[PDB]
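Report on one structure; see the data block that follows.
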Amino acid sequence: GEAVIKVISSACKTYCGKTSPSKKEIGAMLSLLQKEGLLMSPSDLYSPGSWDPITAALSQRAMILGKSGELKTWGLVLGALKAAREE
């Protein structure tokens, strides 16, 4: 699943950022997930709707992130997940 990674990375930005070069792409992708209880690798993608875990993650400690303000980075990461649901 070359996406499991590309997704986490791209998704992060490509998801709710698809445009920029990578202001927080790989960042949140790793820092976000790797900082939201997703230190199990980009395998998260290996599971459908595994962006719900990163949601309650930052929520559990939205004050643990701060690469663009606080949760702004997540927003792009998570906000994207919600974007998928919105289509």
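We label chains A, B, ... in the order they appear in the structure tokens, count residues from 1 in each chain, and number ligands from 1 in the order shown.
Taking region 40-72 of chain A and asking which residues DSSP calls alpha helix (DSSP H) on the backbone, you get residues 52, 53, 54, 55, 56, 57, 58, 59, 60 and 72 of chain A.
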| request: Name the residues in contact with region 12-25 of chain A at a cut-off of 6 Å, using only C-alpha atoms, excluding same-chain residues fewer than 3 positions from it; report them as a ChimeraX atom specification. | output: /A:8-9,28-29,76-77,80
| request: Extract, using only C-alpha atoms, all DNA, RNA and protein residues at most 12 Å from residue 50 (chain A), discarding same-chain residues fewer than 5 positions from it, and format them as a list in words. | output: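 Once the adjacent positions are removed, what remains is residues 4, 7, 8, 33, 36, 37, 38, 40, 42, 43, 44, 45, 55, 56, 57, 78, 81 and 82 of chain A.
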Create the file for the chosen residues now, containing N, CA, C and O atoms and written as a tab-separated table (two decimals), in the first residue's frame.
chain	number	residue	atom	x	y	z
A	4	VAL	N	-0.79	4.10	1.74
A	4	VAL	CA	-0.78	4.17	3.19
A	4	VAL	C	0.18	5.28	3.64
A	4	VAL	O	-0.07	5.95	4.64
A	7	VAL	N	-0.69	8.60	1.15
A	7	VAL	CA	-1.94	9.15	1.66
A	7	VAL	C	-1.65	10.00	2.90
A	7	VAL	O	-1.87	11.21	2.89
A	8	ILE	N	-1.16	9.33	3.93
A	8	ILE	CA	-0.84	10.01	5.18
A	8	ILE	C	-0.09	11.31	4.87
A	8	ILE	O	-0.42	12.36	5.41
A	33	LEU	N	-0.09	12.57	12.77
A	33	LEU	CA	-0.41	11.19	13.10
A	33	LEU	C	0.58	10.69	14.16
A	33	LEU	O	0.17	10.09	15.16
A	36	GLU	N	-0.56	11.99	17.27
A	36	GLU	CA	-1.99	11.87	17.55
A	36	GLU	C	-2.33	10.42	17.92
A	36	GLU	O	-3.51	10.07	18.03
A	37	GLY	N	-1.29	9.62	18.09
A	37	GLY	CA	-1.47	8.22	18.44
A	37	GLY	C	-1.41	7.33	17.20
A	37	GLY	O	-2.00	6.26	17.17
A	38	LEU	N	-0.68	7.82	16.20
A	38	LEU	CA	-0.53	7.08	14.96
A	38	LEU	C	0.95	6.81	14.70
A	38	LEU	O	1.46	7.08	13.62
A	40	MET	N	2.12	4.00	14.59
A	40	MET	CA	2.14	2.64	14.08
A	40	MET	C	2.54	2.61	12.60
A	40	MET	O	2.43	1.57	11.95
A	42	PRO	N	2.51	4.58	8.57
A	42	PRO	CA	1.50	5.06	7.64
A	42	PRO	C	0.50	3.95	7.30
A	42	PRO	O	-0.22	4.04	6.30
A	43	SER	N	0.48	2.93	8.14
A	43	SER	CA	-0.42	1.81	7.94
A	43	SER	C	-1.86	2.25	8.17
A	43	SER	O	-2.79	1.62	7.66
A	44	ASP	N	-2.01	3.32	8.94
A	44	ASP	CA	-3.33	3.85	9.24
A	44	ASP	C	-4.21	3.76	7.99
A	44	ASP	O	-5.39	3.42	8.08
A	45	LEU	N	-3.60	4.06	6.85
A	45	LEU	CA	-4.32	4.02	5.59
A	45	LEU	C	-4.80	2.59	5.33
A	45	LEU	O	-5.86	2.38	4.74
A	55	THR	N	-8.42	12.19	14.85
A	55	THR	CA	-9.36	13.24	15.20
A	55	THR	C	-9.47	13.38	16.72
A	55	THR	O	-9.30	14.47	17.26
A	56	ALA	N	-9.75	12.26	17.36
A	56	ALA	CA	-9.89	12.24	18.81
A	56	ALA	C	-8.50	12.39	19.45
A	56	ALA	O	-8.39	12.63	20.65
A	57	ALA	N	-7.48	12.23	18.62
A	57	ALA	CA	-6.11	12.34	19.08
A	57	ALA	C	-5.84	13.79	19.50
A	57	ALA	O	-5.72	14.08	20.69
A	78	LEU	N	-6.73	16.52	9.47
A	78	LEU	CA	-8.06	16.04	9.83
A	78	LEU	C	-9.09	16.65	8.88
A	78	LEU	O	-9.80	15.93	8.18
A	81	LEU	N	-9.90	14.66	6.20
A	81	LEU	CA	-10.69	13.46	6.45
A	81	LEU	C	-12.17	13.81	6.34
A	81	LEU	O	-12.95	13.06	5.74
A	82	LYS	N	-12.53	14.95	6.92
A	82	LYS	CA	-13.91	15.40	6.89
A	82	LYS	C	-14.28	15.81	5.46
A	82	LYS	O	-15.45	15.80	5.09
| Top pick for closest residue to residue 49 (chain A), considering A:84, A:72, A:67, A:32 and counting only C-alpha atoms | A:84
| request: Choose the residue, out of A:63, A:3, A:83, A:11, that has the smallest atom-to-atom separation from residue 27 (chain A); count only C-alpha atoms. | output: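 Among the listed residues, the smallest separation from residue 27 (chain A) belongs to A:11.
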